[PDB]
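# Results of the structural survey
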Amino acid sequence: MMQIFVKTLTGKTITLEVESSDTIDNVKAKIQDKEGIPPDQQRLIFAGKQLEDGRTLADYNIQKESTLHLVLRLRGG
């Protein structure tokens, strides 16, 4: 179980609790509850690097309360 701080585009950094062997897909599902933006255009960028969509939290060697900044891609409107 890994606790992480994900920083939405709204600037709000929420504490998201997921499994260590879980996937970024579930992280997006927590984020979409806050941002309301589907996982299709929301991407995760940690330390200035994009993380593969769906990777395990422990894969990038994340620790408790690490900061994950997300970037939204332009959605057609």
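Residues numbered from 1 in each chain as written, not as in the entry; some residues may be left out. Heavy atoms only, no water.

In the PDB header, solution NMR is given as the technique by which the entry was determined.

As annotated in the PDB entry, the chain carries the name Ubiquitin and comes from Oryza sativa Japonica Group.

## Side note on the nonpolar core
By size, the foremost hydrophobic cluster in this structure holds 15 residues, and its most contacted members are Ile 4, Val 6, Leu 16, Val 27 and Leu 57. Elements that contribute at least two residues to this core include exactly β1 (2–7), β2 (13–18), α1 (24–35) and β5 (66–72). Setting aside anything within four residues of it in sequence, one finds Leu 16 in contact with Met 2, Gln 3, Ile 4, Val 6, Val 27, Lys 30 and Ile 31. (Core = buried A, V, L, I, M, F, W, Y, C linked by side-chain atoms within 4.5 Å. Buried < 20%, exposed > 50% of the residue type's maximum accessible area, 1.4 Å probe, protein only. Helix = DSSP H or I, 4+ residues; strand = E, 2+ residues; numbered from the N terminus. Contact = heavy atoms within 4.5 Å.)

## Overview of the pairing of β1
Only one face of β1 is covered, namely the one carrying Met 2, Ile 4 and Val 6; the face carrying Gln 3, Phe 5 and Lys 7 has none of its residues buried. For β1 and β2, the ladder comprises six bridges, and the chain directions are antiparallel. Residue pairing across strands places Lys 7 opposite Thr 13, the latter belonging to β2. Where β1 hands over to β2, the hairpin turn is made up of five residues, of which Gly 11 adopts a positive phi near 95 degrees. Summarising the sheet, β1 and β5 pair through four bridges and their orientation is parallel. Bridged to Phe 5 within β5 is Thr 67. (Pairing = 2+ DSSP bridges.)

## With respect to the environment of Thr 13
Tracing the backbone shows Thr 13 in strand β2. Spatially, the C-alpha atom of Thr 13 lies 8.1 Å from that of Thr 67, the residues being 54 residues apart in sequence. Beyond its immediate chain neighbours, meaning those up to four positions away, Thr 13 contacts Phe 5, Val 6 and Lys 7. One polar contact links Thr 13 to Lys 7, side chain to side chain, over a distance of 2.9 Å. (Polar contact = N/O pair within 3.5 Å; in protein donor to acceptor, adjacent residues only side chain to side chain.)

## Quick look at empty space enclosed by the protein
Tallying each qualifying case throughout the model produces one cavity of 30 Å³ or more. Computed from the structure, the largest cavity encloses a volume of approximately 40 Å³. Of all the elements in the fold, those that place two or more residues in the lining of the largest cavity are α1 and β3 (42–46). Its residues assigned to classes, the lining of the largest cavity comprises four nonpolar, one polar and two charged. (1 Å grid on protein atoms, 1.4 Å probe; cavity = no way out; pocket = protein on both sides within 12 Å on 5 of 7 lines; lining within 4 Å. Points joined across faces, edges and corners; volume = space filled by probe spheres on them. Nonpolar A, V, L, I, M, F, W, Y, C, P; charged D, E, K, R; others polar.)

## Regarding the sheet that holds β2
Spatially, β2-β1-β5-β3-β4 is the arrangement adopted by the five strands of the open sheet, whose pairing is mixed. The outermost strands of the open sheet, each flanked by one partner alone, are β2 and β4 (49–50). With four bridges joining them, β3 and β5 adopt antiparallel strand pairing. Bridging across to β5, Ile 45 finds its partner in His 69. The sheet contacts of α1 involve β1, β2, β3 and β5, and relative to β2 the element is tilted by about 140 degrees. (Axes fitted to C-alpha atoms, helices over the stretch in contact; angles between N-to-C directions.)

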